[PDB]
Every structure is written in C-alpha cells, then in structure tokens.
Amino acid sequence: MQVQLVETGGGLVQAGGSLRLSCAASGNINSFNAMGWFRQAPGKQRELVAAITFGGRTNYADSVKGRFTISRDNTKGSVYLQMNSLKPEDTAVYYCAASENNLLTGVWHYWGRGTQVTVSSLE
C-alpha cells in the first residue's frame with residue numbers, strides 16, 4: 001500500500017487558545033523522511049508553515065515562529081503541530097505533507113486531504 005496521510009485535530013478554536021494537529025502516516029516509515037504542515041487560508045496558495053527532517057530538525061515560516069511547534073515520533077509514524085497563541089489570521093485548511101527525501105522544502109510526494117481550523121476573534 002502507498003503511504004497515506006490523515007490529519008486529525010481540526011476544528012473551531014478561540015483566539016488566544018491553542019490546538020494540536022496530528023498526522024499518522026500509514027505504511028512503511030522507511031518510504032518517507034521529511035514531513036510538513038501546509039495551510040491554505042481562503043484565497044491563498046497552500047503555504048508551508050513548518051517542516052521537520054526524519055531526525056527532528058525543524059524550519060518554520062516567519063508568520064508562525066514562536067507560536068507553532070512541529071515535532072514527530074517515528075515509532076508512531078506521526079508528526080504533530082502544536083499551535084499556540086492562535087489568531088484569526090491562522091484560519092485555514094491545514095494539510096500534512098511528506099517527502100520520500102529528507103529536505104525541508106520539497107519535493108512533497110504525499111499529501112493528506114486537509115483539516116479545517118477556524119480561529120474566532122474575541123471582539
């Protein structure tokens with residue numbers, strides 16, 4: 001079976017709150033290395049906001065630095081996105097992606113179907 005990615009954890013969240021997204025990759029862990037989270041806000045391209053090498057080294061989009069943390073557990077074939085200090089501007093469809101290779105910028109060979117995260121303002 002080809003590797004498959006299913007994101008969990010999406011939903012509605014209040015601004016200032018937090019949310020963890022998770023993705024298990026099915027199949028053979030040896031067939032992928034780098035993993036990442038993309039987000040597509042309405043009207044926008046899918047934007048890579050966090051990526052992680054097989055060994056755990058990370059890179060973040062400037063727009064999420066200091067607020068989001070990407071991590072992984074290879075014993076569970078999983079990658080996680082802990083999103084703190086959420087803002088309305090973080091509302092988007094969040095996609096997990098994976099690569100056969102171990103670079104933080106592509107090529108993204110495998111994609112989940114995405115999960116919606118909606119951050120509502122307090123005012």
# chains A, B, ... in the order shown; residues from 1 in each chain; ligands from 1
$ select_by_dssp --residues "segment 68-118 of chain A" --states "strand (DSSP E or B)" --output "list in words"
residues 68, 69, 70, 71, 72, 73, 78, 79, 80, 81, 82, 83, 92, 93, 94, 95, 96, 97, 98, 104, 106, 110, 111, 115, 116, 117 and 118 of chain A
$ write_last_selection --atoms "N, CA and C atoms" --output "compact mmCIF listing (two decimals), in the first residue's frame"
# COMPACT_ATOMS: atom_id res chain seq x y z
N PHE A 68 4.07 28.25 16.88
CA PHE A 68 3.80 26.89 16.47
C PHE A 68 5.05 26.05 16.67
N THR A 69 4.88 24.78 17.05
CA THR A 69 5.99 23.84 17.19
C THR A 69 5.62 22.57 16.43
N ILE A 70 6.49 22.18 15.51
CA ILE A 70 6.37 20.89 14.83
C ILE A 70 7.27 19.87 15.52
N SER A 71 6.77 18.65 15.71
CA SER A 71 7.53 17.57 16.32
C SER A 71 7.09 16.27 15.68
N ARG A 72 7.83 15.21 15.94
CA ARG A 72 7.50 13.93 15.35
C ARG A 72 7.87 12.81 16.28
N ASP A 73 7.24 11.65 16.07
CA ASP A 73 7.57 10.43 16.80
C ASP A 73 7.60 9.32 15.75
N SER A 78 4.37 9.42 13.12
CA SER A 78 3.49 10.56 13.30
C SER A 78 4.26 11.87 13.36
N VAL A 79 3.55 12.92 12.98
CA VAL A 79 4.02 14.30 13.07
C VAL A 79 2.90 15.12 13.70
N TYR A 80 3.30 16.18 14.41
CA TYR A 80 2.40 16.97 15.24
C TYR A 80 2.67 18.44 15.01
N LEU A 81 1.62 19.23 15.14
CA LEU A 81 1.74 20.68 15.06
C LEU A 81 1.01 21.24 16.28
N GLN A 82 1.75 21.78 17.22
CA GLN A 82 1.18 22.42 18.41
C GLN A 82 1.09 23.90 18.09
N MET A 83 -0.13 24.41 18.02
CA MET A 83 -0.38 25.79 17.62
C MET A 83 -0.83 26.56 18.86
N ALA A 92 -7.53 28.41 8.37
CA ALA A 92 -7.10 27.82 7.10
C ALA A 92 -7.44 26.34 7.10
N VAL A 93 -7.37 25.74 5.91
CA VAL A 93 -7.26 24.28 5.79
C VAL A 93 -5.79 23.93 5.99
N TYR A 94 -5.51 23.05 6.94
CA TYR A 94 -4.17 22.58 7.25
C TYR A 94 -3.98 21.20 6.64
N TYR A 95 -2.91 21.04 5.85
CA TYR A 95 -2.57 19.80 5.17
C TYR A 95 -1.26 19.27 5.75
N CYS A 96 -1.20 17.97 5.98
CA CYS A 96 0.08 17.33 6.22
C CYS A 96 0.63 16.84 4.88
N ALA A 97 1.93 17.01 4.70
CA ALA A 97 2.65 16.52 3.52
C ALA A 97 3.87 15.73 3.99
N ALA A 98 4.33 14.84 3.13
CA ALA A 98 5.55 14.10 3.39
C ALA A 98 6.31 13.94 2.09
N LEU A 104 13.75 20.03 3.74
CA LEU A 104 12.67 20.77 4.39
C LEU A 104 11.83 21.60 3.43
N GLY A 106 10.66 20.33 0.02
CA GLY A 106 10.18 19.52 -1.08
C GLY A 106 11.20 18.47 -1.48
N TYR A 110 3.64 13.18 -0.95
CA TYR A 110 2.48 12.60 -0.31
C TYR A 110 1.73 13.72 0.40
N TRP A 111 0.41 13.68 0.34
CA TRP A 111 -0.44 14.74 0.88
C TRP A 111 -1.66 14.15 1.55
N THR A 115 -7.51 19.43 6.97
CA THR A 115 -8.46 19.62 8.05
C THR A 115 -8.63 21.11 8.31
N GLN A 116 -9.88 21.53 8.51
CA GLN A 116 -10.18 22.94 8.72
C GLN A 116 -9.90 23.35 10.17
N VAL A 117 -9.21 24.49 10.32
CA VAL A 117 -9.02 25.16 11.60
C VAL A 117 -9.57 26.56 11.47
N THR A 118 -10.54 26.90 12.31
CA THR A 118 -11.19 28.22 12.29
C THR A 118 -10.96 28.86 13.64
$ select_by_dssp --residues "segment 19-91 of chain A" --states "helix (DSSP H, G or I)" --output "list in words"
residues 29, 30, 31, 62, 63, 64, 74, 75, 76, 88, 89 and 90 of chain A
$ residues_around --residues "residue 12 of chain A" --least-positions-apart "2" --cutoff "10 Å" --atoms "only C-alpha atoms" --output "MDAnalysis selection string"
chainID A and resid 9:10 14:15 19 91 116:120
$ closest_residue --among "A:30, A:86, A:49, A:35" --to "residue 62 of chain A" --atoms "only C-alpha atoms"
A:49
$ decode --residues "segment 61-77 of chain A" --atoms "N, CA, C and O atoms" --output "compact mmCIF listing (two decimals), in the first residue's frame"
# COMPACT_ATOMS: atom_id res chain seq x y z
N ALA A 61 7.90 28.87 8.93
CA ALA A 61 7.58 30.14 8.32
C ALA A 61 7.65 31.25 9.36
O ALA A 61 7.27 31.06 10.51
N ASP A 62 8.10 32.42 8.93
CA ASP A 62 8.22 33.55 9.85
C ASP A 62 6.91 33.88 10.50
O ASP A 62 6.90 34.30 11.67
N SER A 63 5.80 33.65 9.80
CA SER A 63 4.49 34.04 10.29
C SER A 63 4.02 33.23 11.50
O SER A 63 3.03 33.61 12.13
N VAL A 64 4.68 32.10 11.80
CA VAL A 64 4.29 31.24 12.91
C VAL A 64 5.40 31.05 13.93
O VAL A 64 5.18 30.39 14.94
N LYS A 65 6.57 31.62 13.71
CA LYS A 65 7.67 31.42 14.63
C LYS A 65 7.32 31.91 16.03
O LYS A 65 6.75 32.99 16.20
N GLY A 66 7.71 31.12 17.03
CA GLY A 66 7.44 31.45 18.40
C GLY A 66 6.07 31.07 18.87
O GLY A 66 5.78 31.18 20.07
N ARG A 67 5.21 30.63 17.97
CA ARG A 67 3.87 30.21 18.33
C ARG A 67 3.57 28.76 18.00
O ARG A 67 2.86 28.10 18.75
N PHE A 68 4.07 28.25 16.88
CA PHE A 68 3.80 26.89 16.47
C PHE A 68 5.05 26.05 16.67
O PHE A 68 6.16 26.53 16.45
N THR A 69 4.88 24.78 17.05
CA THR A 69 5.99 23.84 17.19
C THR A 69 5.62 22.57 16.43
O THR A 69 4.57 21.96 16.69
N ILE A 70 6.49 22.18 15.51
CA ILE A 70 6.37 20.89 14.83
C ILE A 70 7.27 19.87 15.52
O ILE A 70 8.38 20.21 15.96
N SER A 71 6.77 18.65 15.71
CA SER A 71 7.53 17.57 16.32
C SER A 71 7.09 16.27 15.68
O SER A 71 6.11 16.24 14.94
N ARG A 72 7.83 15.21 15.94
CA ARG A 72 7.50 13.93 15.35
C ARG A 72 7.87 12.81 16.28
O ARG A 72 8.70 12.98 17.18
N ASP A 73 7.24 11.65 16.07
CA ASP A 73 7.57 10.43 16.80
C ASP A 73 7.60 9.32 15.75
O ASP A 73 6.55 8.82 15.32
N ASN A 74 8.80 8.94 15.32
CA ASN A 74 8.91 7.93 14.27
C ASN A 74 8.45 6.57 14.71
O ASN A 74 8.05 5.76 13.86
N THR A 75 8.48 6.28 16.02
CA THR A 75 7.96 5.00 16.48
C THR A 75 6.46 4.88 16.26
O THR A 75 5.92 3.77 16.34
N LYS A 76 5.77 6.00 16.04
CA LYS A 76 4.34 6.03 15.74
C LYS A 76 4.05 6.55 14.34
O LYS A 76 2.88 6.84 14.02
N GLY A 77 5.09 6.71 13.52
CA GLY A 77 4.91 7.23 12.18
C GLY A 77 4.17 8.55 12.12
O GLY A 77 3.45 8.81 11.15
